[PDB]
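Student: Following this line is coords_0.pdb, made up of PDB, C-alpha atoms:
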```pdb
ATOM      1  CA  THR A  29    -121.853-107.520  25.859
ATOM      2  CA  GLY A  30    -125.171-109.345  25.483
ATOM      3  CA  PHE A  31    -126.967-108.164  22.363
ATOM      4  CA  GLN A  32    -130.011-110.118  23.523
ATOM      5  CA  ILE A  33    -131.387-107.046  25.307
ATOM      6  CA  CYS A  34    -132.193-105.053  22.206
ATOM      7  CA  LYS A  35    -132.489-107.987  19.868
ATOM      8  CA  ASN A  36    -135.399-108.445  22.262
ATOM      9  CA  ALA A  37    -136.410-104.777  22.238
ATOM     10  CA  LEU A  38    -136.505-104.487  18.445
ATOM     11  CA  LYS A  39    -137.054-107.762  16.669
ATOM     12  CA  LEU A  40    -134.295-107.682  14.098
ATOM     13  CA  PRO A  41    -131.649-110.412  13.830
ATOM     14  CA  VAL A  42    -128.045-109.595  14.571
ATOM     15  CA  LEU A  43    -125.617-109.580  11.674
ATOM     16  CA  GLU A  44    -123.515-112.720  11.625
ATOM     17  CA  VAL A  45    -120.293-111.580  10.008
ATOM     18  CA  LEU A  46    -118.285-109.218  12.161
ATOM     19  CA  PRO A  47    -114.842-107.733  11.631
ATOM     20  CA  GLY A  48    -113.574-107.339  15.158
ATOM     21  CA  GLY A  49    -112.067-110.787  15.350
ATOM     22  CA  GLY A  50    -108.603-112.253  15.025
ATOM     23  CA  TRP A  51    -107.753-114.412  12.061
ATOM     24  CA  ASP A  52    -105.011-116.962  11.442
ATOM     25  CA  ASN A  53    -103.458-116.197   8.071
ATOM     26  CA  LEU A  54    -101.568-119.492   7.905
ATOM     27  CA  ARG A  55    -104.291-122.004   8.741
ATOM     28  CA  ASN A  56    -106.670-119.507   7.087
ATOM     29  CA  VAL A  57    -109.499-119.657   9.660
ATOM     30  CA  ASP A  58    -111.069-117.244  12.161
ATOM     31  CA  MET A  59    -109.562-117.336  15.635
ATOM     32  CA  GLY A  60    -111.257-115.119  18.211
ATOM     33  CA  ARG A  61    -112.354-111.694  19.330
ATOM     34  CA  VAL A  62    -109.781-108.938  19.308
ATOM     35  CA  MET A  63    -111.706-105.680  19.040
ATOM     36  CA  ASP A  64    -114.520-105.798  21.565
ATOM     37  CA  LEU A  65    -118.099-105.666  20.308
ATOM     38  CA  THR A  66    -120.633-104.104  22.642
TER      39      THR A  66
ATOM     40  CA  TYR B  67    -125.255-120.189  30.539
ATOM     41  CA  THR B  68    -125.270-117.169  32.834
ATOM     42  CA  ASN B  69    -125.438-114.179  30.491
ATOM     43  CA  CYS B  70    -126.964-116.651  28.185
ATOM     44  CA  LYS B  71    -125.662-116.016  24.690
ATOM     45  CA  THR B  72    -127.228-116.914  21.368
ATOM     46  CA  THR B  73    -125.941-117.200  17.843
ATOM     47  CA  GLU B  74    -126.182-114.036  15.788
ATOM     48  CA  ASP B  75    -128.852-115.377  13.450
ATOM     49  CA  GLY B  76    -130.602-116.252  16.623
ATOM     50  CA  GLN B  77    -131.733-119.821  16.348
ATOM     51  CA  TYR B  78    -129.565-121.434  19.024
ATOM     52  CA  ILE B  79    -128.298-120.826  22.552
ATOM     53  CA  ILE B  80    -124.552-121.333  22.667
ATOM     54  CA  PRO B  81    -122.991-121.495  26.127
ATOM     55  CA  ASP B  82    -121.199-118.331  27.054
ATOM     56  CA  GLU B  83    -117.778-119.934  26.770
ATOM     57  CA  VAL B  84    -118.040-120.482  23.011
ATOM     58  CA  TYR B  85    -118.442-118.273  19.965
ATOM     59  CA  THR B  86    -119.635-119.243  16.509
ATOM     60  CA  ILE B  87    -118.763-118.155  12.982
ATOM     61  CA  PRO B  88    -121.409-119.260  10.522
ATOM     62  CA  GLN B  89    -121.072-120.662   6.986
ATOM     63  CA  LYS B  90    -121.575-123.525   4.579
ATOM     64  CA  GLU B  91    -123.163-125.810   2.054
ATOM     65  CA  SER B  92    -121.957-128.413  -0.419
ATOM     66  CA  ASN B  93    -123.265-131.470  -2.213
ATOM     67  CA  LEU B  94    -122.717-133.435  -5.386
ATOM     68  CA  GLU B  95    -124.786-135.936  -7.349
ATOM     69  CA  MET B  96    -123.480-138.315  -9.981
ATOM     70  CA  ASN B  97    -124.660-141.485 -11.674
ATOM     71  CA  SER B  98    -123.963-143.676 -14.691
ATOM     72  CA  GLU B  99    -125.698-146.063 -17.070
ATOM     73  CA  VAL B 100    -125.014-149.135 -19.218
ATOM     74  CA  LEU B 101    -127.240-151.098 -21.619
ATOM     75  CA  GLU B 102    -126.964-153.877 -24.211
ATOM     76  CA  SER B 103    -129.034-155.955 -26.634
ATOM     77  CA  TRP B 104    -128.271-158.821 -29.045
ATOM     78  CA  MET B 105    -130.095-160.939 -31.656
ATOM     79  CA  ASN B 106    -129.640-163.782 -34.188
ATOM     80  CA  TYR B 107    -131.364-165.686 -37.003
ATOM     81  CA  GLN B 108    -131.634-168.950 -38.928
ATOM     82  CA  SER B 109    -130.993-171.229 -41.941
ATOM     83  CA  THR B 110    -132.972-173.626 -44.152
ATOM     84  CA  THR B 111    -132.612-176.280 -46.860
ATOM     85  CA  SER B 112    -135.072-178.341 -48.899
ATOM     86  CA  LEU B 113    -134.961-180.729 -51.878
ATOM     87  CA  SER B 114    -137.996-182.355 -53.558
ATOM     88  CA  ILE B 115    -136.862-184.785 -56.237
ATOM     89  CA  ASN B 116    -137.923-187.477 -58.568
TER      90      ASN B 116
END
```
Hey, can you dump this file as structure tokens for me?
Tutor:
Amino acid sequence: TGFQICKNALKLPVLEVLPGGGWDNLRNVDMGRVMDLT
Amino acid sequence: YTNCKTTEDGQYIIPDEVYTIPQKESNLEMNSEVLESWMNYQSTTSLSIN
């Protein structure tokens, strides 16, 4: 799950915001991966 | 640091047991001011007699 391979192949920077990630609605803050991102 | 990660906007090398979620900025300036100035003046008498 290391994007470094093709971030190295083609020189673009990876997007920072990503949806596949849990989120606490009470504390209102991101929590952790849920949907895997390859 | 085995499969050594890196933050998405790659300018760091996080260890592969942590993940980051990037955002911020905030600042605030504020100042105040106070001045003054005062003055005064005089008095006079005179008598020339005889």
Student: Need to verify the contact set: range 77-89 of chain B, 8 Å, only C-alpha atoms, exclusion of same-chain residues closer than 6 positions in sequence. Can you return it as a list in words?
Tutor: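 Skipping anything fewer than 6 positions along the chain leaves residues 44, 45 and 58 of chain A; 67, 68, 69, 70 and 71 of chain B.
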Student: Please identify every residue of chain A that has at least one atom no more than 7 Å from any atom of chain B, counting all atoms listed in the file, and report them as a list in words.
Tutor: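 Residues satisfying the distance criterion: residues 30, 41, 42, 43 and 44 of chain A.
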Student: Can you spell out as a ChimeraX atom specification the set of residues that the PyMOL selection byres ((chain A and resi 47) around 12) selects in the structure I just provided?
Tutor: /A:43-46,48-51,58-65 /B:87
Student: For CA of residue 57 in chain A and CA of residue 91 in chain B, determine how far apart the two atoms are, in Å to one decimal place.
Tutor: 16.8 Å
Student: How would range 76-100 of chain B read, as a short mmCIF file (atom, residue, chain, number, x, y, z; two decimals), keeping the file's coordinate frame, once N, CA and C atoms are built in?
Tutor:
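Below you can see selection-v4.cif, which holds the result:
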```cif
data_model
loop_
_atom_site.label_atom_id
_atom_site.label_comp_id
_atom_site.auth_asym_id
_atom_site.auth_seq_id
_atom_site.Cartn_x
_atom_site.Cartn_y
_atom_site.Cartn_z
N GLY B 76 -130.22 -115.55 15.43
CA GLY B 76 -130.60 -116.25 16.62
C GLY B 76 -131.53 -117.40 16.34
N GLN B 77 -130.96 -118.60 16.31
CA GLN B 77 -131.73 -119.82 16.35
C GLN B 77 -131.02 -120.90 17.14
N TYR B 78 -130.19 -120.50 18.10
CA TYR B 78 -129.56 -121.43 19.02
C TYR B 78 -129.19 -120.67 20.28
N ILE B 79 -128.76 -121.41 21.30
CA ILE B 79 -128.30 -120.83 22.55
C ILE B 79 -126.94 -121.45 22.85
N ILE B 80 -125.88 -120.82 22.37
CA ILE B 80 -124.55 -121.33 22.67
C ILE B 80 -124.28 -121.07 24.14
N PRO B 81 -123.43 -121.85 24.78
CA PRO B 81 -122.99 -121.50 26.13
C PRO B 81 -121.98 -120.37 26.05
N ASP B 82 -121.93 -119.58 27.11
CA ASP B 82 -121.20 -118.33 27.05
C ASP B 82 -119.70 -118.51 27.14
N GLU B 83 -119.20 -119.72 26.93
CA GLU B 83 -117.78 -119.93 26.77
C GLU B 83 -117.42 -120.33 25.35
N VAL B 84 -118.33 -120.16 24.40
CA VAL B 84 -118.04 -120.48 23.01
C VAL B 84 -118.59 -119.37 22.13
N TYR B 85 -117.98 -119.21 20.97
CA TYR B 85 -118.44 -118.27 19.96
C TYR B 85 -118.48 -118.98 18.63
N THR B 86 -119.41 -118.58 17.78
CA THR B 86 -119.64 -119.24 16.51
C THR B 86 -119.33 -118.30 15.36
N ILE B 87 -119.02 -118.89 14.21
CA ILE B 87 -118.76 -118.16 12.98
C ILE B 87 -119.41 -118.91 11.83
N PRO B 88 -120.50 -118.41 11.29
CA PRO B 88 -121.41 -119.26 10.52
C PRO B 88 -121.14 -119.30 9.03
N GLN B 89 -121.13 -120.50 8.44
CA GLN B 89 -121.07 -120.66 6.99
C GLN B 89 -121.20 -122.12 6.59
N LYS B 90 -121.94 -122.45 5.52
CA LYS B 90 -121.58 -123.52 4.58
C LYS B 90 -122.67 -123.87 3.59
N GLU B 91 -122.34 -124.74 2.63
CA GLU B 91 -123.16 -125.81 2.05
C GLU B 91 -122.35 -126.47 0.95
N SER B 92 -122.63 -127.74 0.69
CA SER B 92 -121.96 -128.41 -0.42
C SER B 92 -122.59 -129.77 -0.64
N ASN B 93 -122.84 -130.12 -1.90
CA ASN B 93 -123.26 -131.47 -2.21
C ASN B 93 -122.92 -131.77 -3.66
N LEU B 94 -123.03 -133.04 -4.03
CA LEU B 94 -122.72 -133.44 -5.39
C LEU B 94 -123.41 -134.74 -5.72
N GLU B 95 -124.13 -134.75 -6.83
CA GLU B 95 -124.79 -135.94 -7.35
C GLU B 95 -124.02 -136.43 -8.56
N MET B 96 -124.10 -137.74 -8.80
CA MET B 96 -123.48 -138.32 -9.98
C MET B 96 -123.98 -139.73 -10.14
N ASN B 97 -124.20 -140.14 -11.39
CA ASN B 97 -124.66 -141.49 -11.67
C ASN B 97 -124.21 -141.88 -13.07
N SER B 98 -124.41 -143.15 -13.41
CA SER B 98 -123.96 -143.68 -14.69
C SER B 98 -125.01 -144.66 -15.20
N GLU B 99 -124.73 -145.24 -16.36
CA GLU B 99 -125.70 -146.06 -17.07
C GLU B 99 -124.97 -146.99 -18.03
N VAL B 100 -125.56 -148.15 -18.29
CA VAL B 100 -125.01 -149.14 -19.22
C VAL B 100 -126.16 -150.01 -19.71
#
```
